[PDB]
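To start, the structure under review is shown below, and the notes come after it.
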Amino acid sequence: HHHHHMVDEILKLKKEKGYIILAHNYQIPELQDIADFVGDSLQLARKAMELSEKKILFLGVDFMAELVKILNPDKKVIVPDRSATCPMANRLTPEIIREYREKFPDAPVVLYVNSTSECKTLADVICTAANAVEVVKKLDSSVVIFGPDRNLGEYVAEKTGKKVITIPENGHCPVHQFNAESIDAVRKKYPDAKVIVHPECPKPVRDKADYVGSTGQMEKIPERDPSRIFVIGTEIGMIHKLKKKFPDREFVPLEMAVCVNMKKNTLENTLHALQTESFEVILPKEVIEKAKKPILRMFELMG
Ligand code: SF4
Ligand SMILES: [Cl-]
Ligand SMILES: [Cl-]
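Going by my numbering, the sequence shown opens with residue 4, and the numbers climb by one from there.
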């Protein structure tokens with residue numbers, strides 16, 4: 004097959020040129036399979052910090068590769084599609100952050116890791132879907148500014164009991180807007196299945212689910228839940244990751260959900276990336292120094 008030629012050439016070039024391939028959980032299965040590591044954005048960035056290699060091929064979207072770069076400034080990070088981006092992250096702007104800082108100067112700015120690097124330079128702390136509840140609990144203030152996802156922010160408020168001011172207006176991920184009627188229909192079909200949905204899902208979806216977790220948390224649930232069948236309310240790429248990790252279980256998509264920007268990465272342009280060793284992720288040194296502060300603040304709170 005043309006794919007078998009591509010995979011062979013990819014593995015050949017990545018060994019010859021000293022590249023470690025890091026793929027996000029939402030990449031196509033063919034790219035997850037040729038990666039050295041598959042995980043969420045913070046997992047991949049922290050994994051890179053342990054590598055002796057100085058070259059990384061990242062398969063995801065731009066804020067994730069930049070996150071790798073921020074925590075690994077001396078490594079060459081390349082991406083195969085430089086336009087792979089996150090529309091939810093791009094809806095939050097420096098102007099909106101400063102507008103709300105001025106309206107509420109006592110409320111720390113908590114920025115979901117899903118954010119532009121420029122916005123990260125303006126945050127008081129960064130958080131992931133997994134650690135957002137704990138990060139906000141540990142902050143002194145009972146009021147926080149949170150962005151750029153309103154559903155994760157409102158979930159944090161439910162769990163912490165703190166006041167969470169979300170920016171921008173209607174900040175959301177289109178991939179996770181499942182219908183709660185899909186949970187009703189799937190519990191009829193699989194009455195003993197466990198339903199796991201992302202915290203980015205709307206509240207009626209989260210409230211009808213057995214678990215609410217990020218992708219990193221979804222793949223630890225079968226370690227403590229013996230259920231044969233799990234229904235997954237996140238992007239379709241996680242089904243492949245889950246089935247590969249727990250082949251003795253069945254994983255059913257709540258609905259078919261595809262992030263188009265995640266699907267911009269293919270075998271073809273991944274091969275092109277290794278052939279040309281482009282496109283390198285470059286940030287201004289000042290952006291790296293500034294964005295590190297809210298990231299280090301998150302490590303300190305979590306540890
Ligand atoms: S799945 Fe949603 S949050 Fe993730 S990159 Fe795509 S649009 Fe952004
Ligand atoms: Cl982990
Ligand atoms: Cl480095």
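The beta-carbon is built from N, C-alpha and C at its ideal position, and this holds for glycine as well.
{"Query": "Mind pulling the beta strand (DSSP E) runs of 3 or more residues that sit fully within the region 64-145?", "Result": "79-81, 112-115 and 128-130"}
{"Query": "Along the chain, where does the alpha helix (DSSP H) containing residue 32 start, and where does it finish?", "Result": "32-37"}
{"Query": "Should residue 256 and residue 239 be called a contact, given that it needs their Cβ atoms to be closer than 8 Å?", "Result": "yes"}
{"Query": "Would you call residue 67 buried or exposed, if buried means 16 or more other Cβ atoms sit within 10 Å of its Cβ?", "Result": "buried"}
{"Query": "Measure the C-alpha to C-alpha separation of residue 14 and residue 145 and round it to an integer number of angstroms.", "Result": "50 Å"}
{"Query": "Does the beta-carbon of residue 262, which I'm using as the reference point, lie nearer than 7 Å to any heavy atom of ligand 1?", "Result": "yes"}
{"Query": "Judging by CA-CA distance, which residue of 64, 78, 65 and 221 is the nearest neighbour of residue 50?", "Result": "78"}
{"Query": "Measuring CB to CB, does residue 147 end up less than 8 Å from residue 110?", "Result": "yes"}
{"Query": "State the DSSP-derived secondary structure class of residue 156, mapped to helix, strand or coil.", "Result": "helix"}
{"Query": "Should the region 128-135 be called in touch with the region 168-179, which here means at least 3 C-beta pairs below 8 Å?", "Result": "no"}
{"Query": "Where residue 120 and residue 290 are concerned, what is the direct C-alpha to C-alpha distance, given to the nearest angstrom?", "Result": "7 Å"}
{"Query": "Return helix, strand or coil for residue 165, following the three-state DSSP convention.", "Result": "coil"}
{"Query": "Distance, Cα to Cα, residue 162 vs residue 194?", "Result": "28 Å"}
{"Query": "Please work out which residues of its chain come closer than 6 Å, Cβ to Cβ, to residue 169, disregarding the five sequence neighbours upstream and downstream, and give them in chain order.", "Result": "149, 153 and 156"}
{"Query": "When you compare the region 84-102 with the region 253-269, are there three or more beta-carbon pairs, one atom per stretch, that lie closer than 8 Å?", "Result": "yes"}
{"Query": "Residue 35 and residue 244: beta carbons closer than 8 Å?", "Result": "yes"}
{"Query": "Give me, in chain order, the residues of the same chain whose beta-carbon lies closer than 7 Å to that of residue 3; leave out the 5 immediate sequence neighbours on both sides.", "Result": "Since the displayed the chain opens at 4 and closes at 306, residue 3 lies outside it and no answer follows."}
{"Query": "Can you tell me whether DSSP reads residue 261 as helix, strand or coil?", "Result": "coil"}
{"Query": "Is any heavy atom in ligand 3 found nearer than 7 Å to the beta carbon of residue 77?", "Result": "yes"}
{"Query": "Are the CB atoms of residue 17 and residue 60 nearer to each other than 8 Å?", "Result": "yes"}
{"Query": "Between the Cα of residue 23 and the Cα atoms of 30, 10, 39 and 31, which residue gives the shortest distance?", "Result": "39"}
{"Query": "Beta carbon of residue 216, beta carbon of residue 224: below 8 Å?", "Result": "yes"}
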